Amino acid sequence: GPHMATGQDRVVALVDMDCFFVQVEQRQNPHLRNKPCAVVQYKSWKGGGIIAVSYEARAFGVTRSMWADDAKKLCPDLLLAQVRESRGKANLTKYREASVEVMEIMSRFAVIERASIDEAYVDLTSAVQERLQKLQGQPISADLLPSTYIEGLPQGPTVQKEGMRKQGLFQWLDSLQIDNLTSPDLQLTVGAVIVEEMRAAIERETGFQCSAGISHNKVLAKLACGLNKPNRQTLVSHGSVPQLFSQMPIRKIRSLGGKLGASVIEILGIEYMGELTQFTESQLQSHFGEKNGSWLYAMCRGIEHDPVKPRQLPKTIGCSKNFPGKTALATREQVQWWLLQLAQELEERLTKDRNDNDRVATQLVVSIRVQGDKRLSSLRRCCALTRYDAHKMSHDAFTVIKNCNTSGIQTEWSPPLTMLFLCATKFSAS
DNA sequence: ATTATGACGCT
DNA sequence: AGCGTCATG
Ligand SMILES: [Mn+2]
Ligand SMILES: [Mn+2]
Ligand SMILES: [Mn+2]
């Protein structure tokens, strides 16, 4: 009762750019705006592999991981933009630079955690307390929440999307106790006001639209963000969790979409997040380990404590290329040439990073995949990264992997390599 | 022949 | 340190 911690001590938002790489390309080329369009890597094999899809194209069933030729079967008028190719490989610099644009705007409102190229968590707890003290106890107008959905509302005793959104928002605001600076629902509402402002700033200053979730923790904020896309934000209150989770497939919660979530389903004989509440913490720890078990016990009640880490920059800077089927690397000259291509891209990105961010990487990780291996990485080896020089990094990577060539001939490489990966890690301030 | 990233947990 | 999992623009 009075000592049951309810995990309502923070306001956390997740901001995620809508179909991000597509928006980057649509900003650059107005002919692609408000069209079914997708972003592809490469072109020769099956028209290229789609990695981002505008919402107009999604309506035709176009998805990521689809070959462009197949997408064109679903959507003959689909427009395509191709990722830049540099040194023989896809180069994602344009999207990384656009990401920095957005992250720098978000950082004006609060410290952020970069979770991906297109998304960041925000801890708004302090900004909410400030805005509440500024509000002097006056209530929150629906006009301050023009794109906000309140999950679970309207309910109880209009057939248009926007009409329903406004009905739910009015029910929410009507029930608010705007005199209590410690009410979690009020705190979330003010958080949503701030996120409206943040999203407006992003769109005004970049042209990019985003969606967002506002809740008491990272998992609920991410889940909330997905509920009303594109270009909308969703507030998931603590009180909304029992109904929300009662029909929520376990795989929808971040970290449960793979083998662990499948094992929760199979071992416990359940389907939905809410069904987890019927197990004790010890039962869940017995099946899934002490850490997972405690996390599941709290998560299915809407409670999670993972902090928004103060980190706007990536921890690693890496370069990767697959060599599938008949293009696998089977000679030493080939392996060396591609290691050099990767290392040259890595050098360029590292040198820019050192100038921008006042840090230097100190470890080089070299990863390969060998033909016949079912795993995505067949071997990982680290060595020292003491100089931002591509020829040195590629020679070092070759040295750490050369013992993998099972061939007796040193000119040939067997079995051929289907993946090279160079990653710079362990940054230090400089 | 999804491909190219990047974070994090385990031992 | 090296491996596996989870994520999916
Ligand atoms: Mn996105
Ligand atoms: Mn995202
Ligand atoms: Mn996505």
# chains A, B, ... in the order shown; residues from 1 in each chain; ligands from 1
>>> interface_residues(of="chain A", to="chain B", cutoff="12 Å", atoms="only C-alpha atoms (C1' of nucleotides)", output="PyMOL selection string")
chain A and resi 40-42+44-51+63-68+83+89-93+95-96+113-117+255+289+291-292+311+313-328+376+418-425
>>> residues_near_ligand(ligand="ligand 2", cutoff="7 Å", atoms="only C-alpha atoms (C1' of nucleotides) and all ligand atoms", output="list in words")
residues 16, 17, 116, 118 and 119 of chain A
>>> interface_residues(of="chain C", to="chain A", cutoff="7 Å", atoms="only C-alpha atoms (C1' of nucleotides)", output="JSON, numbers by chain")
{"C": [2, 6, 9]}
>>> select_by_dssp(residues="region 318-358 of chain A", states="strand (DSSP E)", output="JSON, numbers by chain")
{"A": [318, 319, 320, 321, 322, 329, 330, 331]}
>>> write_last_selection(atoms="N, CA and C atoms", output="compact mmCIF listing (two decimals), in the first residue's frame")
# COMPACT_ATOMS: atom_id res chain seq x y z
N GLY A 318 31.91 2.41 -36.49
CA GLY A 318 32.22 1.19 -37.21
C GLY A 318 31.82 1.27 -38.67
N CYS A 319 32.41 0.36 -39.44
CA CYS A 319 32.31 0.25 -40.90
C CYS A 319 32.16 -1.24 -41.22
N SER A 320 31.14 -1.63 -41.98
CA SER A 320 30.86 -3.05 -42.22
C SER A 320 30.44 -3.27 -43.66
N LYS A 321 30.84 -4.41 -44.24
CA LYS A 321 30.32 -4.78 -45.56
C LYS A 321 30.22 -6.29 -45.68
N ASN A 322 29.06 -6.75 -46.16
CA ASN A 322 28.83 -8.14 -46.52
C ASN A 322 29.30 -8.41 -47.94
N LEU A 329 35.19 -12.90 -50.67
CA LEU A 329 36.58 -12.54 -50.93
C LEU A 329 37.44 -13.79 -50.82
N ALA A 330 38.09 -14.16 -51.93
CA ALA A 330 38.81 -15.42 -51.99
C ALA A 330 40.29 -15.26 -52.31
N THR A 331 40.80 -14.03 -52.43
CA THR A 331 42.22 -13.79 -52.61
C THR A 331 42.71 -12.80 -51.56
>>> atom_distance(atom1="CA of residue 303 (chain A)", atom2="CA of residue 5 (chain A)")
8.9 Å
>>> residues_around(residues="region 262-267 of chain A", least_positions_apart="4", cutoff="10 Å", atoms="only C-alpha atoms (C1' of nucleotides)", output="number ranges by chain")
A: 249-251, 256-258, 271-273, 276, 284, 287-288, 296
>>> select_by_dssp(residues="region 68-293 of chain A", states="alpha helix (DSSP H)", output="ChimeraX atom specification")
/A:68-74,93-106,125-135,161-174,184-206,218-227,241-246,259-268,281-288,290-293
>>> write_last_selection(atoms="C-alpha atoms", output="compact mmCIF listing (two decimals), in the first residue's frame")
# COMPACT_ATOMS: atom_id res chain seq x y z
CA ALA A 68 12.91 -2.85 -54.28
CA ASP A 69 11.80 -5.06 -57.20
CA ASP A 70 9.27 -6.79 -54.94
CA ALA A 71 8.14 -3.48 -53.43
CA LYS A 72 7.49 -2.24 -56.99
CA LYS A 73 5.17 -5.20 -57.45
CA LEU A 74 3.12 -3.90 -54.51
CA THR A 93 27.15 10.01 -43.59
CA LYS A 94 24.19 12.11 -44.76
CA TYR A 95 21.86 10.44 -42.25
CA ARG A 96 24.37 10.61 -39.40
CA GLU A 97 24.79 14.37 -40.00
CA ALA A 98 21.01 14.86 -40.10
CA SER A 99 20.79 12.89 -36.85
CA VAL A 100 23.26 15.28 -35.20
CA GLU A 101 21.00 18.17 -36.30
CA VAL A 102 18.04 16.70 -34.46
CA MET A 103 19.99 15.61 -31.37
CA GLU A 104 21.46 19.08 -30.92
CA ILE A 105 17.97 20.60 -30.92
CA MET A 106 16.68 18.05 -28.42
CA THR A 125 11.63 15.35 -14.62
CA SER A 126 13.49 18.58 -13.81
CA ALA A 127 12.09 20.55 -16.76
CA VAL A 128 8.60 19.48 -15.66
CA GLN A 129 9.17 20.70 -12.10
CA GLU A 130 10.37 24.03 -13.53
CA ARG A 131 7.38 24.44 -15.85
CA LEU A 132 4.99 23.55 -13.02
CA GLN A 133 6.50 26.21 -10.76
CA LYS A 134 6.14 28.60 -13.70
CA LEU A 135 2.48 27.64 -14.21
CA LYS A 161 -9.66 10.31 -35.93
CA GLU A 162 -9.00 13.85 -34.68
CA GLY A 163 -12.38 13.97 -32.96
CA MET A 164 -11.58 10.87 -30.91
CA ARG A 165 -8.15 12.27 -30.08
CA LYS A 166 -9.74 15.46 -28.73
CA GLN A 167 -12.42 13.56 -26.79
CA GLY A 168 -9.74 11.52 -25.03
CA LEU A 169 -7.64 14.60 -24.30
CA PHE A 170 -10.65 16.43 -22.84
CA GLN A 171 -11.49 13.48 -20.57
CA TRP A 172 -7.86 13.42 -19.44
CA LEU A 173 -7.59 17.14 -18.74
CA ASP A 174 -10.97 17.19 -16.98
CA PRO A 184 2.36 11.97 -11.54
CA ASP A 185 -0.47 12.41 -14.06
CA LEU A 186 -0.01 16.18 -13.94
CA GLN A 187 3.75 15.73 -14.29
CA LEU A 188 3.27 13.56 -17.38
CA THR A 189 0.89 16.15 -18.84
CA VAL A 190 3.43 18.92 -18.42
CA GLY A 191 6.03 16.58 -19.92
CA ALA A 192 3.79 16.22 -22.95
CA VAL A 193 3.49 20.02 -23.22
CA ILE A 194 7.29 20.24 -23.29
CA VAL A 195 7.53 17.44 -25.88
CA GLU A 196 5.04 19.28 -28.12
CA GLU A 197 7.43 22.24 -27.92
CA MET A 198 10.46 20.03 -28.63
CA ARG A 199 8.81 18.41 -31.64
CA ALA A 200 7.72 21.81 -32.94
CA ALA A 201 11.31 23.05 -32.64
CA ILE A 202 12.64 19.99 -34.50
CA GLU A 203 10.19 20.45 -37.36
CA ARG A 204 10.70 24.21 -37.60
CA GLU A 205 14.51 23.99 -37.55
CA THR A 206 15.07 20.86 -39.66
CA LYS A 218 12.06 4.31 -21.08
CA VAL A 219 10.16 1.09 -21.97
CA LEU A 220 6.73 2.72 -21.62
CA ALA A 221 7.88 5.85 -23.46
CA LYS A 222 9.14 3.75 -26.40
CA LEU A 223 5.94 1.70 -26.45
CA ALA A 224 3.87 4.88 -26.27
CA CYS A 225 5.77 6.44 -29.15
CA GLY A 226 4.71 3.57 -31.40
CA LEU A 227 0.99 3.84 -30.62
CA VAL A 241 -0.90 0.09 -17.92
CA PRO A 242 -3.27 -2.72 -16.77
CA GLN A 243 -5.59 -2.32 -19.77
CA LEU A 244 -2.76 -1.61 -22.23
CA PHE A 245 -0.84 -4.68 -21.12
CA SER A 246 -3.86 -6.96 -20.91
CA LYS A 259 14.55 -15.63 -27.88
CA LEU A 260 13.94 -14.45 -24.29
CA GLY A 261 10.40 -13.32 -25.10
CA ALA A 262 9.70 -16.58 -26.92
CA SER A 263 10.88 -18.46 -23.83
CA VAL A 264 8.66 -16.38 -21.53
CA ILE A 265 5.72 -17.33 -23.76
CA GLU A 266 6.62 -21.02 -24.01
CA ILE A 267 7.74 -21.65 -20.41
CA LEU A 268 4.91 -19.77 -18.75
CA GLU A 281 9.38 -12.35 -8.49
CA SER A 282 11.14 -15.53 -7.38
CA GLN A 283 9.25 -17.59 -9.99
CA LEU A 284 10.31 -15.24 -12.77
CA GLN A 285 13.92 -15.18 -11.51
CA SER A 286 13.89 -18.97 -11.43
CA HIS A 287 13.03 -19.16 -15.10
CA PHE A 288 14.80 -16.12 -16.58
CA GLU A 290 17.81 -12.87 -11.30
CA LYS A 291 18.17 -9.71 -13.40
CA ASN A 292 15.60 -10.56 -16.07
CA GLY A 293 13.21 -11.91 -13.46
>>> atom_distance(atom1="CA of residue 109 (chain A)", atom2="CA of residue 124 (chain A)")
8.3 Å
